[PDB]
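A.B. asks: sequence plus experimental coordinates follow:
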Amino acid sequence: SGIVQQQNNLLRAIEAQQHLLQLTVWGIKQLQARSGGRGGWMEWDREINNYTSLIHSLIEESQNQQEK
Amino acid sequence: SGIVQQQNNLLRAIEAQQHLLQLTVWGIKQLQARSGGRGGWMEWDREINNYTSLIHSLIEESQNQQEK
Amino acid sequence: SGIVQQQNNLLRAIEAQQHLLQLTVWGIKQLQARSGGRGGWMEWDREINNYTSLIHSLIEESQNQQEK
């Protein structure tokens, strides 16, 4: 036990930052789509989903797990 | 009270990460501008500003509020 | 001493987020390369390397420095 608001203000930033990134990925994807299909990036897309999924879960296990 | 350097090293990362993102958003924006105007993304731009603004403020309220 | 798992779950997010960003930067770079060379962005590239390098090091000094 020690310092919790600073930990919640930091977590609240990561989350917001997570949203920011998802907007960029979208902006990037759409620009790619401009050429013709984004079939060459499955591994890029899958890589994105992989980490985003790990982060969302990392955030959720951090919010519901700290109440002391 | 407990562990502060690790909290400052993490905050210092979010901040730096904030800068990284703003460079990407710029890189993305300019590439969009290449076609012809970015008038269709106001909501995208506004969404960006919205979170970036929440994060900057979240960071500042975290720096000046922890001195114990 | 106080709260460590929440600090490790947050650090684990920044790291994963670091990877996410590096994928976006790549996606952005390649799209730029499409036109013809990315020689005008050295300062953009150098700016990226600069912060990414500060973040990696900030993360590493945070992992090996907290064992209490």
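C.D. replies: Perfect, I can see it now. Numbers count the residues shown, from 1 in each chain, chains lettered A, B, ... in the order given.

A.B. asks: show me what from chain A comes close to chain B.
C.D. replies: A:1-3, A:5-7, A:9-10, A:12-14, A:16-17, A:19-21, A:23-24, A:27-28, A:31, A:34 (C-beta under 8 Å from any C-beta of the partner chain). In short, each C-beta sits where N, CA and C put it, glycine included.

A.B. asks: sort out for me which of those residues are in helices.
C.D. replies: Residues of the residues of chain A next to chain B located in helices (DSSP state H): A:5-7, A:9-10, A:12-14, A:16-17, A:19-21, A:23-24, A:27-28, A:31, A:34.

A.B. asks: near chain C too, which of the residues you listed?
C.D. replies: Among those, the ones lying near chain C by C-beta under 8 Å from any C-beta are A:7, A:10, A:14, A:17, A:21, A:24, A:28, A:31.

A.B. asks: tell me the contacts of the nearest residue to residue A:13 once chain neighbours are set aside?
C.D. replies: Leaving aside its chain neighbours, residue A:13 sits nearest to residue B:58 (4.6 Å; criterion: C-beta to C-beta, 6 or more residues apart in numbering or on different chains). Applying C-beta atoms under 8 Å, 6 or more residues apart in numbering or on different chains to residue B:58 gives the contacts A:9, A:10, A:12, A:13, A:16.

A.B. asks: name the nearest residue to residue A:15, sequence neighbours excluded.
C.D. replies: Leaving aside its chain neighbours, residue A:15 sits nearest to residue A:59 (5.8 Å; criterion: C-beta to C-beta, 6+ apart).

A.B. asks: what helix or strand does the one you found sit in?
C.D. replies: If you go by DSSP states H and E, residue A:59 is part of helix A:42-63.

A.B. asks: correct me, but the residue nearest to residue A:15 touches residue A:12?
C.D. replies: No - counting by C-beta atoms under 8 Å, residue A:59 sits too far from residue A:12 to count as a contact (9.9 Å).

A.B. asks: just the closest residue of chain A to chain C, please.
C.D. replies: Closest residue of chain A to chain C, C-beta to the nearest C-beta: residue A:2 (2.9 Å).

A.B. asks: that residue against residue B:6, yeah?
C.D. replies: No - using C-beta under 8 Å, residue A:2 is not in contact with residue B:6, being 11.6 Å away.

A.B. asks: coming back round to it: what's the closest of the ones next to chain C among the ones in helices among the residues of chain A next to chain B to residue B:43?
C.D. replies: Using C-beta to C-beta, residue A:24 comes nearest to residue B:43 of those, at 14.6 Å.

A.B. asks: run through the residues that contact that closest one.
C.D. replies: Applying C-beta under 8 Å, 6+ apart, the residues near residue A:24 are B:21, B:24, B:25, B:28, C:24.

A.B. asks: could you do residue A:22 as well?
C.D. replies: Contact analysis of residue A:22 by C-beta under 8 Å, 6+ apart lists residue A:52.

A.B. asks: repeat for residue A:36
C.D. replies: Contacts of residue A:36 by C-beta under 8 Å, 6+ apart: none found.

A.B. asks: now it: how far from chain B?
C.D. replies: Distance of residue A:36 to chain B, given as C-beta to the nearest C-beta, to the nearest Å: 15 Å.
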